[PDB]
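Single chain ahead, written as structure tokens, the form deposited in one PDB entry.
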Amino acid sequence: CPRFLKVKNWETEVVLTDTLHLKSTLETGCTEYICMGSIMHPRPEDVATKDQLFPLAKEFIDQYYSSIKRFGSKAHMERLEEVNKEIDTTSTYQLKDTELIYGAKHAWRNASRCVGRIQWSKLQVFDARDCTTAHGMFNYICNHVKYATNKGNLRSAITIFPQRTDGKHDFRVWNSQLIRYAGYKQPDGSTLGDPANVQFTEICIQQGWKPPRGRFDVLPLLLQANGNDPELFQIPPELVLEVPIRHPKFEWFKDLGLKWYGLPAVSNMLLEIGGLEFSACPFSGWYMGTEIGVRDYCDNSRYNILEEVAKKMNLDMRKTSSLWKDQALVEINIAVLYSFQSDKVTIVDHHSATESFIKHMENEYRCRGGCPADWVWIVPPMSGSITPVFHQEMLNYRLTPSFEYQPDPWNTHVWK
């Protein structure tokens, strides 16, 4: 592979030079003959062997002591020797708190699909590696939610549960996000709530959950500690900050009865650091408007409200070339930003977030020699070309530490 790769911004003519790609550790899925850049997702109870683990650990440890300007130091070599000893005797090792914090911040930093990474170094890391039970997990998660929510003044946070051992003792949050609304399939084929969540909702209901059967019912947490069967907990409602959607102009918009939750928090991903696998590592930030206004509300397979809004806007909905869909999409997204700003809950519009990302990316090319980015994910789902990211060439590659996808636990769990 070539040492220097160049990306261009076609709006500004600015050209950046990437050398960081050379540190690429994993596979994109693409080859020279095919590109899989728009594929969403391109192993049994299986864990890293001693020989696989040594080099991955050294790689990470080197990188860490390089970052604190102590590469090749006595404390660097001693840490190498201590880790290598731990792998030899125990087939694994434990990260120091300093290294855990570095690794988490870097996994976010390396997350090519995140437009919010300007904030990567401000991340509160809760070390939950002493957790042993589902109730314990519940406690840690509640604390995360409250801290991150901060009464509306959101703060990004991640809570890391114990790493994987033999693969039969995994900690998992079964929820894909900490806060989601339930979906219920009706006998008639209609759906109530969020149609996307019918499967998970069914699982909950089976585990003992009593469903309110509403449009915006917060799901319980389904928590798995040390490989045991998962257990249900209801998040205390006072910890779940919500925002009712209203529009600065349309008085009738509040009559749609829409609202959304303040905190975006992903909990189905796997954090890999130095070859160690943290299968439960919920992390949370704050919303970009379009996540709600466009995808949650206007995806056909989600809440699908374009039609209903278009009707209350009295738009001609017979031709598509009237662009009634597009007009209603903008208004919805205006109401979302306005409802969040009015309740003083943190939210960033897609224009501000993308400009910030460009400034971030440029800084990263300057200080780091690169910034992996997934254009398909970074460009917002509305108004794409009037945001600066659309015109920015990006290179995508996988650096470690990283957040990775993992199988859904209900497909793999062995029931006790």
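Shifts are known only where both forms have a C-alpha. We call the rigid core the largest set of C-alpha positions that still match within 1.5 Å between the two forms. Each residue number is its position in the shown sequence, starting from 1.
Missing here is the form deposited in another entry; even so, the following discussion is about that form.
- Among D255, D343, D97, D299, whose C-alpha is off by 2 Å or more between the shown form and the other one on a rigid-core fit? The answer here is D299.
- Shorter or longer C-alpha distance for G285 and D296 in that other deposited form, given it differs from this form by 3 Å or more? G285 and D296 sit farther apart in that other deposited form.
- Task: Could you tell me whether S301 and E251 have their C-alpha atoms closer or farther apart in that other deposited form than in the shown form, knowing the shift is 3 angstroms or more?
- Result: Distance between the C-alphas of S301 and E251: shorter in that other deposited form, by 3 Å or more.
- Item | Mobile segments between the shown form and the other one - rigid core superposition, Cα shift of 2 Å or more, 3+ residues | Shifted segment: 293-304, the only one.
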